[PDB]
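Text of my_file-v1.cif, listed as mmCIF, C-alpha atoms:
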data_input
loop_
_atom_site.label_atom_id
_atom_site.label_comp_id
_atom_site.auth_asym_id
_atom_site.auth_seq_id
_atom_site.Cartn_x
_atom_site.Cartn_y
_atom_site.Cartn_z
CA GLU R 47 60.34 297.78 177.23
CA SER R 48 56.67 296.66 177.47
CA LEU R 49 55.13 293.37 176.32
CA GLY R 50 53.66 294.78 173.10
CA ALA R 51 57.03 296.31 172.31
CA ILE R 52 58.76 292.94 172.69
CA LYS R 53 56.03 291.24 170.71
CA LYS R 54 56.50 293.80 167.93
CA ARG R 55 60.33 293.44 167.88
CA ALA R 56 59.90 289.69 167.57
CA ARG R 57 57.15 289.63 164.94
CA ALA R 58 59.41 292.09 163.10
CA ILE R 59 62.65 290.11 163.40
CA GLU R 60 60.84 287.11 161.94
CA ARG R 61 59.09 289.03 159.11
CA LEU R 62 62.65 290.21 158.40
CA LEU R 63 64.26 286.77 158.05
CA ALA R 64 61.32 285.76 155.83
CA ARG R 65 61.86 288.88 153.68
CA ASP R 66 63.63 287.39 150.66
CA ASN R 67 64.64 290.52 148.64
CA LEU R 68 67.36 291.72 151.04
CA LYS R 69 70.42 289.53 150.77
CA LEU R 70 71.37 289.27 154.42
CA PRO R 71 74.82 287.89 155.39
CA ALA R 72 75.78 284.65 157.05
CA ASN R 73 76.35 286.38 160.39
CA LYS R 74 73.44 288.75 160.52
CA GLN R 75 70.94 285.87 160.13
CA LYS R 76 72.58 284.09 163.06
CA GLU R 77 72.15 287.19 165.24
CA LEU R 78 68.63 287.71 163.88
CA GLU R 79 67.75 284.29 165.29
CA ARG R 80 69.59 284.75 168.59
CA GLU R 81 67.61 287.97 169.02
CA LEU R 82 64.39 286.30 167.89
CA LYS R 83 64.73 283.88 170.78
CA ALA R 84 65.77 286.35 173.51
CA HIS R 85 62.47 288.10 172.73
CA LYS R 86 60.46 284.88 172.48
CA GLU R 87 62.01 283.83 175.79
CA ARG R 88 61.24 287.14 177.51
CA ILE R 89 57.66 287.04 176.15
CA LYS R 90 57.28 283.75 178.03
CA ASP R 91 58.72 284.87 181.40
CA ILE R 92 56.28 287.76 181.13
CA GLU R 93 53.32 285.56 180.24
CA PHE R 94 54.36 283.20 183.03
CA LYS R 95 54.47 285.92 185.69
CA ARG R 96 51.04 286.81 184.29
CA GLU R 97 49.51 283.34 184.52
CA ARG R 98 51.01 283.08 187.99
CA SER R 99 49.28 286.25 189.07
CA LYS R 100 45.99 285.20 187.50
CA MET R 101 46.24 282.15 189.77
CA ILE R 102 47.00 283.72 193.11
CA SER R 103 44.23 286.16 192.24
CA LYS R 104 41.67 283.39 191.85
CA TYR R 105 42.24 281.31 194.98
CA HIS R 106 43.38 284.03 197.36
CA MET R 107 39.88 284.32 198.75
CA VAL R 108 39.22 280.67 199.47
CA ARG R 109 42.75 280.18 200.86
CA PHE R 110 42.35 283.29 202.97
CA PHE R 111 39.15 282.17 204.66
CA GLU R 112 40.52 278.71 205.41
CA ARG R 113 43.70 280.25 206.82
CA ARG R 114 41.46 282.24 209.17
CA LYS R 115 39.30 279.29 210.29
CA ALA R 116 42.46 277.28 210.96
CA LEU R 117 43.96 280.18 212.93
CA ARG R 118 40.85 280.40 215.11
CA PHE R 119 41.02 276.66 215.77
CA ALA R 120 44.73 276.70 216.61
CA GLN R 121 44.03 279.46 219.11
CA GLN R 122 40.76 278.04 220.49
CA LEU R 123 42.87 274.93 221.13
CA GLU R 124 46.00 276.47 222.69
CA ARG R 125 43.53 277.93 225.24
CA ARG R 126 41.46 274.83 226.08
CA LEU R 127 44.85 273.12 226.59
CA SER R 128 46.46 275.68 228.90
CA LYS R 129 43.31 274.89 230.91
CA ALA R 130 42.84 271.10 230.54
CA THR R 131 44.51 268.60 232.91
CA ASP R 132 43.32 265.03 232.05
CA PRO R 133 46.14 263.16 230.23
CA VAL R 134 43.68 261.78 227.68
CA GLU R 135 42.15 265.19 227.02
CA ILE R 136 45.63 266.71 226.90
CA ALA R 137 46.59 264.01 224.39
CA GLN R 138 43.61 264.76 222.14
CA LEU R 139 44.25 268.50 222.29
CA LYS R 140 47.94 268.17 221.41
CA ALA R 141 46.84 265.86 218.60
CA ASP R 142 44.31 268.36 217.28
CA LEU R 143 46.45 271.47 217.67
CA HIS R 144 48.90 269.72 215.38
CA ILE R 145 46.23 269.23 212.69
CA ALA R 146 45.26 272.88 213.09
CA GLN R 147 48.83 274.14 212.77
CA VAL R 148 49.40 272.08 209.62
CA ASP R 149 46.12 273.39 208.16
CA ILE R 150 47.51 276.88 208.69
CA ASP R 151 50.65 276.16 206.63
CA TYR R 152 48.69 274.28 204.00
CA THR R 153 46.62 277.38 203.25
CA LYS R 154 49.83 279.44 203.15
CA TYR R 155 52.40 277.35 201.21
CA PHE R 156 50.16 275.17 199.02
CA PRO R 157 51.65 276.05 195.62
CA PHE R 158 50.41 279.19 193.98
CA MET R 159 50.15 277.87 190.46
CA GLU R 160 48.32 274.73 191.35
CA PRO R 161 44.54 274.96 191.89
CA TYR R 162 43.80 275.07 195.60
CA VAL R 163 42.15 272.09 197.34
CA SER R 164 39.91 273.31 200.16
CA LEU R 165 40.49 271.50 203.46
CA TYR R 166 37.17 272.67 204.79
CA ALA R 167 34.48 272.75 202.09
CA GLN R 168 33.59 269.06 202.51
CA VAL R 169 32.64 269.98 206.08
CA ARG R 170 28.89 270.47 206.36
CA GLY R 171 28.13 273.85 207.89
CA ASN R 172 30.60 276.02 205.96
CA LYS R 173 28.49 278.46 203.91
CA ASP R 183 30.09 274.38 219.32
CA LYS R 184 33.65 274.72 220.48
CA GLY R 185 33.61 270.95 219.78
CA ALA R 186 32.27 271.77 216.35
CA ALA R 187 35.97 272.42 215.78
CA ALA R 188 36.35 268.64 215.77
CA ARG R 189 34.07 268.30 212.76
CA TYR R 190 36.62 270.29 210.74
CA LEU R 191 39.81 269.01 212.35
CA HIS R 192 39.00 265.28 212.11
CA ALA R 193 38.03 265.39 208.42
CA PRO R 194 40.13 263.74 205.69
CA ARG R 195 43.21 265.50 204.54
CA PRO R 196 44.37 265.81 200.90
CA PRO R 197 47.70 264.16 200.01
CA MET R 198 49.29 267.59 199.72
CA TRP R 199 48.48 268.21 203.35
CA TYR R 200 50.48 265.08 204.20
CA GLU R 201 53.37 266.43 202.14
CA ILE R 202 53.20 269.79 203.94
CA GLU R 203 53.20 267.96 207.26
CA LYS R 204 56.62 266.48 206.49
CA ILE R 205 58.02 269.35 204.37
CA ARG R 206 57.27 271.96 207.07
CA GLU R 207 60.26 271.00 209.06
CA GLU R 208 63.40 272.18 207.25
CA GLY R 209 62.11 275.70 207.80
CA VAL R 210 60.01 278.32 206.12
CA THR R 211 62.71 278.41 203.44
CA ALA R 212 61.85 274.89 202.25
CA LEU R 213 58.13 275.62 202.52
CA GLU R 214 58.11 278.46 199.99
CA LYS R 215 60.17 276.44 197.55
CA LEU R 216 56.94 274.43 197.40
CA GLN R 217 54.79 277.55 197.46
CA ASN R 218 56.18 279.02 194.23
CA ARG R 219 56.67 275.58 192.63
CA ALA R 220 56.41 276.06 188.86
CA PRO R 221 54.20 273.24 187.51
CA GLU R 222 55.19 272.00 184.07
CA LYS R 223 51.47 272.05 183.37
CA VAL R 224 51.53 275.82 182.90
CA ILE R 225 55.14 275.83 181.67
CA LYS R 226 53.77 273.87 178.71
CA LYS R 227 50.68 276.13 178.64
CA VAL R 228 52.50 279.46 178.22
CA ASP R 229 55.25 277.88 176.12
CA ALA R 230 52.42 276.92 173.75
CA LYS R 231 50.60 280.27 173.67
CA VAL R 232 53.83 282.07 172.69
CA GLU R 233 55.18 279.53 170.18
CA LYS R 234 51.87 279.44 168.26
#

Do you think you could lay out the structure here as structure tokens?
Amino acid sequence: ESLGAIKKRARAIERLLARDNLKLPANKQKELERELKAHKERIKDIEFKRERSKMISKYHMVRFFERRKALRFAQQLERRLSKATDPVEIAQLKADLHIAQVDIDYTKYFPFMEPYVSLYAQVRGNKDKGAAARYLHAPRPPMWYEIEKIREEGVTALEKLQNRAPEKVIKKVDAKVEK
């Protein structure tokens, strides 16, 4: 069944309860309201999957580019480190490679249905190989700090966050259906 078919079955089951003429039993108005909700419910799951996909569709580009800049940093760094030998330089590369690797998972598992917060747009020059420190030493959003912790416990915990269903759009689609 398609969306318009479910919408029609529901607008019909209601126009039917409101139809006075027909004397409909005790039971068959119970069922007519059970059914009226199974359709209203399914119309929401559908409109939710829709709003979800509108979302991913919007931010996929900005997330994608950041995920690529991060990935170039994390690799630029792994290299300069397999070279470097001063314990203070090796400490600042380990430090920075961390920031890079958490950037990479931020752009991946930052929740789909929450508007994306660009790590890198604040950085002037975004429209050296130490110009990687301009981006890596910038402020991080509080989400980034969450991802830093939440990225232990495996990829399985990460995507729990990724698909997180914000009650902001729960209440948005629940409204659009019910009125």

TODO: Considering all atoms listed in the file, state which residue in the set R:59, R:198, R:134, R:210 is at the smallest distance from residue R:162.
DONE: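 For residue R:162, the nearest of the candidates is R:198.
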
Task: Separation of atom CA of residue R:187 from atom CA of residue R:119, in Å and rounded to one decimal - done: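 Taking atom CA of residue R:187 as the start and atom CA of residue R:119 as the end point, the length is 6.6 Å.
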
Task: Residues matched by the PyMOL selection byres ((chain R and resi 137-139) around 12), written as a ChimeraX atom specification - done: /R:119-136,140-147,185,187-188,191-192

TODO: Measure the distance from atom CA of residue R:170 to atom CA of residue R:116 in Å and round it to one decimal.
DONE: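 Going from atom CA of residue R:170 over to atom CA of residue R:116, I get 15.9 Å.
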
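Considering only C-alpha atoms, the residue among R:165, R:62, R:51, R:82 positioned nearest to residue R:111 is R:165.
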
- [ ] Find the spatial neighbours of residue R:154, counting all atoms listed in the file, within a cut-off of 8 Å - ignore same-chain residues fewer than 3 positions away - and output them as number ranges by chain.
- [x] R: 109, 113, 150-151, 217

Let's have the selection written as a PDB file, keeping the file's coordinate frame, with C-alpha atoms.
ATOM      1  CA  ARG R 109      42.750 280.180 200.860  1.00  0.00           C
ATOM      2  CA  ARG R 113      43.700 280.250 206.820  1.00  0.00           C
ATOM      3  CA  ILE R 150      47.510 276.880 208.690  1.00  0.00           C
ATOM      4  CA  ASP R 151      50.650 276.160 206.630  1.00  0.00           C
ATOM      5  CA  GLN R 217      54.790 277.550 197.460  1.00  0.00           C
TER       6      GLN R 217
END

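Residues matching the PyMOL selection byres ((chain R and resi 223) around 12) in this structure come to residues 94, 97, 98, 159, 160, 161, 219, 220, 221, 222, 224, 225, 226, 227, 228, 229 and 230 of chain R.
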
TODO: Between atom CA of residue R:112 and atom CA of residue R:202, measure the distance and give it in Å to one decimal.
DONE: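 The value is 15.6 Å.
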
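Among the candidates R:155, R:104, R:67, R:199, the residue lying nearest to residue R:211 is R:155 (atoms considered: only C-alpha atoms).
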
Centre and size of axis-aligned box enclosing stretch 191-199 of chain R plus 6 Å each side, as JSON:
{"center_x": 43.7, "center_y": 266.4, "center_z": 206.0, "size_x": 23.3, "size_y": 17.3, "size_z": 24.6}

- [ ] Step by step, work through what the PyMOL selection byres ((chain R and resi 72-79) around 12) selects in the shown file, and finish by giving those residues as an MDAnalysis selection string.
- [x] chainID R and resid 55:65 68:71 80:87

Just write the chosen residues, C-alpha atoms, as a PDB file, keeping the file's coordinate frame.
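And here's out-v8.pdb as it stands now:
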ATOM      1  CA  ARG R  55      60.330 293.440 167.880  1.00  0.00           C
ATOM      2  CA  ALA R  56      59.900 289.690 167.570  1.00  0.00           C
ATOM      3  CA  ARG R  57      57.150 289.630 164.940  1.00  0.00           C
ATOM      4  CA  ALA R  58      59.410 292.090 163.100  1.00  0.00           C
ATOM      5  CA  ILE R  59      62.650 290.110 163.400  1.00  0.00           C
ATOM      6  CA  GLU R  60      60.840 287.110 161.940  1.00  0.00           C
ATOM      7  CA  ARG R  61      59.090 289.030 159.110  1.00  0.00           C
ATOM      8  CA  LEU R  62      62.650 290.210 158.400  1.00  0.00           C
ATOM      9  CA  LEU R  63      64.260 286.770 158.050  1.00  0.00           C
ATOM     10  CA  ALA R  64      61.320 285.760 155.830  1.00  0.00           C
ATOM     11  CA  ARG R  65      61.860 288.880 153.680  1.00  0.00           C
ATOM     12  CA  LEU R  68      67.360 291.720 151.040  1.00  0.00           C
ATOM     13  CA  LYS R  69      70.420 289.530 150.770  1.00  0.00           C
ATOM     14  CA  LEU R  70      71.370 289.270 154.420  1.00  0.00           C
ATOM     15  CA  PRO R  71      74.820 287.890 155.390  1.00  0.00           C
ATOM     16  CA  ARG R  80      69.590 284.750 168.590  1.00  0.00           C
ATOM     17  CA  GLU R  81      67.610 287.970 169.020  1.00  0.00           C
ATOM     18  CA  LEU R  82      64.390 286.300 167.890  1.00  0.00           C
ATOM     19  CA  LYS R  83      64.730 283.880 170.780  1.00  0.00           C
ATOM     20  CA  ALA R  84      65.770 286.350 173.510  1.00  0.00           C
ATOM     21  CA  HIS R  85      62.470 288.100 172.730  1.00  0.00           C
ATOM     22  CA  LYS R  86      60.460 284.880 172.480  1.00  0.00           C
ATOM     23  CA  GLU R  87      62.010 283.830 175.790  1.00  0.00           C
TER      24      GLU R  87
END
